[PDB]
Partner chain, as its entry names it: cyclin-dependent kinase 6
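Next up: a single chain in structure tokens, the form deposited without the partner chain.
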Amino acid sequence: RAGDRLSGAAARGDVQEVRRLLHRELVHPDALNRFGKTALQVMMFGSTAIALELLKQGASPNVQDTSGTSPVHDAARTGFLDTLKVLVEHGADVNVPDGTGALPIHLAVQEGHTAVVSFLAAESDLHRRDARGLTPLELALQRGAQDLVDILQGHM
């Protein structure tokens, strides 16, 4: 149940409860909830403080579920740039594809997150193709997202 409580507090965005669990009860940030997930996997990605608190206490950033999804994929897809920056700062790989063949940059392109695409562009392998055979520049272009094309052409 420590893993369920920490996951639950993180998913609700309760920063004070997350601090209490980590710093007073001394729950390890990788404690598993009942469905085998860590708090970093199910957190409210808008709560940057929760991500950094977990990472400073030793959470593993590269955790991945069986669909190949890690916290960086979900942070990029949902547009939470401040949280993505803390994840990358603490060692999260942004070049690992999910089970759809998508990097975090492909997900941000699909959803139209311009600031995230800009951040990830000089960091990502832009020749990687997803299941549909598209590179991130080709996915932009298909969608007609000219601001994303403009950014990606600058990186190749």
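Residue numbers count along the first chain shown, from 1.
As recorded in the PDB entry, 40-48 is the stretch of 40-48 and 62-70 with the greater mean C-alpha temperature factor. Taking the PDB entry as given, 135-143 carries the higher mean Cα B factor of the two stretches 19-27 and 135-143. Based on the entry's C-alpha B-factors, the most elevated value among 93, 125, 111, 98 belongs to 125. The PDB entry gives the largest Cα B-factor of the residues 32, 54, 102, 115 to 32. When all modelled residues of the chain are sorted by CA temperature factor, residue 156 is found within the highest third. Residue-level temperature factors show residue 87 in the middle third of its chain, judged at the C-alpha atom. Among the modelled residues of the chain, residue 6 sits in the middle third by CA temperature factor in this PDB entry.
Not pictured, yet referred to below: the form solved in complex with the partner chain.
The three marked residues, 33, 65 and 77, each reach the partner chain in the bound PDB entry, with a heavy atom inside 4.5 Å. Proximity to the partner chain in the bound PDB entry, defined as a heavy atom within 4.5 Å, holds among 96, 27, 52, 44 only for 44. Checking 57, 69, 60, 114 against the partner chain in the bound PDB entry, a heavy atom within 4.5 Å turns up for just one residue: 69.
The partner chain is not drawn, but in the bound PDB entry it has a heavy atom within 4.5 Å of residue 37. Using a 4.5 angstroms limit between non-hydrogen atoms, residue 12 touches the partner chain in the bound PDB entry. Among heavy atoms of residue 16, some come within 4.5 Å of the partner chain in the bound PDB entry. Though the partner is left out of this view, residue 48 does reach within 4.5 Å of the partner chain in the bound PDB entry, counting heavy atoms only.
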